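Values quoted throughout were computed directly from the atomic coordinates according to the rules given, and no laboratory measurement underlies them. As a convention, Cβ positions derive from the backbone with ideal geometry for all residues, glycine included, and neighbour counts pool all protein chains shown.
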Amino acid sequence: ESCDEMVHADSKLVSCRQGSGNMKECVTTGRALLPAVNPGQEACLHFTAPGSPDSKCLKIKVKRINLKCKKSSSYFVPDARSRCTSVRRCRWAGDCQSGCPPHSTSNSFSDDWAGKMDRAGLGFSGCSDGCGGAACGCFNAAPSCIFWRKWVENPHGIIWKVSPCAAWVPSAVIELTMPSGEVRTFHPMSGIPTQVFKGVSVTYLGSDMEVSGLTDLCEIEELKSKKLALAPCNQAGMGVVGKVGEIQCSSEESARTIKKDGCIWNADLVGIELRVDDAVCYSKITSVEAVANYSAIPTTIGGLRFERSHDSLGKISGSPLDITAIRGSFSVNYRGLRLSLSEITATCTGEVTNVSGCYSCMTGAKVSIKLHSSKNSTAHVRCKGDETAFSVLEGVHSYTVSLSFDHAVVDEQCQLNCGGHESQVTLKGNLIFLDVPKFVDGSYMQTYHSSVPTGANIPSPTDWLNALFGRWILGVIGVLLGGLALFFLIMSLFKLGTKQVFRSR
Amino acid sequence: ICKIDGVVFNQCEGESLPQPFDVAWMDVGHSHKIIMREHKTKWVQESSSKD
Ligand SMILES: *[C@@H]1O[C@H](CO)[C@@H](O)[C@H](O)[C@H]1NC(C)=O
Ligand SMILES: *[C@@H]1O[C@H](CO)[C@@H](O)[C@H](O)[C@H]1NC(C)=O
Ligand SMILES: *[C@@H]1O[C@H](CO)[C@@H](O)[C@H](O)[C@H]1NC(C)=O
């Protein structure tokens with residue numbers, strides 16, 4: 001579409017050669033800066049070569065600006081159950097004379113327990129005491145050794161993904177298109193590199209926006225049911241029991257199974273209480289319906305309205321009312337890139353056939369330009385008031401772009417050049433004015449608002465009283481005579497009414 | 001678990017080759033065996049004449 005805010009910071013900064021025989025480029029490295037733009041615009045990056053007349057551009061597309069957070073850590077918390085067993089073996093030897101574990105023997109597995117499995121997991125093997133006599137199972141008045149092993153299980157296999165974060169920095173999306181033809185997308189962060197794609201390291205900047213109710217919030221998500229929620233989560237491995245932060249593991253593959261080598265638990269996560277050779281285990285792990293308030297996807301805490309935006313590498317979003325931030329400029333860095341320049345541009349001439357749009361407003365004034373040339377995209381439009389660059393195709397086609405004007409009747413003469421050849425164009429049409437839209441029920445903000453033109457806020461005397469007149473003296477005289485006649489008639493009617501009201505009471 | 005040595009156990013949609021799987025088992029006098037994972041055992045002497 002349209003384009004604005006040209007830079008041209010590193011023009012004529014190449015050290016190329018003959019160009020493989022006819023013409024080529026070597027490298028173009030420097031540093032530039034792109035200012036803030038409105039959601040749904042394009043920031044072109046036109047290069048200038050000393051030998052070649054014209055070059056290609058690099059458009060930057062921004063769609064949404066959502067409020068996300070960083071990724072401090074990532075882990076999976078599976079669901080656990082209460083499973084245990086016991087045994088009632090008799091001493092019958094010198095093994096359970098006085099005490100079963102002498103000082104520290106915890107591996108109470110005599111090559112017979114079911115702990116050596118891939119579906120069990122890991123736990124804590126303890127011991128207990130028993131009674132003696134005919135009713136207790138032995139023939140000696142001495143306590144017996146009762147061993148028990150407890151472990152957690154996960155029959156269903158519910159998998160959760162929690163990512164703690166306490167920054168909540170603004171971010172946005174970028175649909176970058178290279179001059180060669182490659183078009184990809186990426187999500188830059190507020191000051192964090194966005195996985196630079198062959199030199200381009202454009203980052204996003206913020207304005208240090210304050211928060212109201214963002215102190216302990218996370219982005220815990222669900223994988224099977226795709227259910228999201230906002231609630232204070234735990235921290236890294238060193239945690240406390242009582243809230244979220246139960247038995248974790250290494251990765252998602254280690255979440256379905258509760259085996260060792262990746263799973264970490266501190267202490268006091270499962271209780272055991274036996275009465276008579278039973279070793280029954282009760283559940284103490286809190287479920288999802290035990291945490292604090294536990295906000296959900298519909299969240300209206302304060303001015304922020306958190307929603308669920310369908311996007312990759314992020315599912316948490318939110319958009320308050322119109323903020324009109326101060327600055328949202330970017331910072332583009334260059335490391336290495338090249339563009340093929342033909343330098344064989346020929347005569348080309350275009351003309352203007354349509355003009356429309358708003359006043360100096362959000363969408364601007366869209367003016368379609370028709371060109372005709374032999375090359376593909378050798379064109380560059382430059383004029384006073386605003387500069388707009390775009391790409392064309394081979395042959396004769398139609399292309400619609402938007403420009404910024406500061407006058408009601410747009411009747412000027414701009415200069416248009418496609419590569420090396422230059423010509424002249426003219427515009428003639430009528431434009432309108434649109435103000436900032438108002439708020440209505442049932443509609444909520446989606447991503448953000450950048451800015452609204454509210455500078456003048458005054459009616460210009462030149463544009464006003466234009467269509468009412470057009471001859472002007474004749475129209476003024478006629479309007480004055482009509483107004484005088486109507487005023488005299490209304491005064492006569494009022495006098496008659498007052499006379500009727502006064503008398504005949 | 002779907003099949004044990006060519007013996008139908010459950011109803012599955014995708015079969016594969018036998019794989020080593022550590023699991024306890026016990027016999028009760030029927031045709032097929034019964035595998036179990038969570039079980040509590042108790043050893044009693046009873047002073048039987050068979051011992
Ligand atoms: C949510 O946490 C507790 C739960 O009752 C509540 O007192 C608090 O005000 C809520 N908001 C927070 C912690 O920001
Ligand atoms: C100008 O715009 C009007 C409105 O859509 C359209 O009918 C007309 O065909 C356009 N003219 C050209 C030359 O594109
Ligand atoms: C111009 O663009 C067309 C678009 O399909 C492409 O096929 C062609 O290779 C480009 N270059 C030319 C015609 O030199």
Seminar exercise, completed: The correct pair for the range A:100-251, radius of gyration to one decimal and Dmax as a whole number, both in Å and from Cα atoms, is 27.5, 92
Exercise. Relative to the Cα centre, what is the charge dipole magnitude of the range A:404-505, using +1 at the beta carbon of each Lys and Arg, -1 at the beta carbon of each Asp and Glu, and rounding to the nearest 20 debye?
Worked result: 1200
Problem set entry | Which of A:359, A:444 has the fewest Cβ neighbours within 10 Å, and the rest in rising order | A:444, A:359
For this session: Two decimals is fine: what is log10 I(q)/I(0) at q = 0.27 Å⁻¹ for the range A:427-505, from a Debye sum with one equal scatterer on every Cα and no solvent?
Result: -1.26
Problem set entry | Positive-end residue, the protein assembly as shown charge dipole about Cα centroid, Cβ charges, pick of A:303, A:466, A:484 | A:484
Exercise. Using the alpha carbon gyration tensor of chain A, what are the three equivalent-ellipsoid semi-axes (square root of 5 times each eigenvalue), largest first, in whole Å?
Worked result: 74, 39, 15
Problem set entry | Top positive-direction residue, dipole computed over chain A with Cβ charges, set A:320, A:423, A:291 | A:320
For this session: Let me see the pair-distance distribution of the range A:12-86: every alpha carbon pair, 10 Å bin width, integer percents in order.
Result: 12, 25, 18, 16, 11, 7, 6, 4, 1
For this session: Among the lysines, select those whose C-alpha is under 30 Å from the C-alpha of residue A:375, and discard any that sit fewer than 8 residues away in the same chain.
Result: A:12, A:24, A:56, A:59, A:61, A:198, A:366, A:384, A:428
Exercise. Based on the Cα atoms of the range A:1-152, what semi-axes does the equivalent ellipsoid have, where each is the square root of 5 times one gyration tensor eigenvalue, given in whole Å with the largest first?
Worked result: 83, 20, 12
For this session: Would you list, by chain and number, the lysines whose Cα falls below 25 Å from the Cα of residue A:226, excluding same-chain residues fewer than 8 positions away?
Result: A:63, A:68, A:70, A:71, A:161, A:243, A:315
For this session: Multiply the residue gap between residue A:32 and residue A:208 by 0.36 nm, knock off their C-alpha separation, and tell me the result in nm, one decimal place.
Result: 61.1 nm
Exercise. So what's the projected area for the range A:249-320, the Cα convex hull averaged over all directions, in nm²?
Worked result: 8.5
Exercise. Semi-axes of the equivalent ellipsoid of chain B: what are they in whole Å, largest first, if each equals the square root of 5 times a C-alpha gyration tensor eigenvalue?
Worked result: 33, 13, 9
Exercise. Can you list, bin by bin at 10 Å, the percent of alpha carbon pairs in the range A:293-428, starting at 0?
Worked result: 9, 27, 22, 21, 15, 6, 1, 0
Problem set entry | Modelled FRET efficiency - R0 35 Å, residue A:441 with residue A:64, Cβ distances, 0.05 increments | 0.95
Problem set entry | Top positive-direction residue, dipole computed over the range A:113-173 with Cβ charges, set A:171, A:121, A:140 | A:171
Problem set entry | Where GluC sites (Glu not before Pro) fall in DSSP loop in the range A:186-255, at most 14 other Cβ within 10 Å | A:210, A:252
Exercise. About the Cα centre of chain A, what is the dipole size in debye to 20, counting +1 per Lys and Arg Cβ and -1 per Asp and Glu Cβ, all else neutral?
Worked result: 680
Exercise. Across bins of 10 angstrom width beginning at 0, how are the C-alpha pair distances of the range A:69-189 distributed, in whole percent?
Worked result: 10, 23, 18, 14, 11, 9, 7, 5, 2, 0
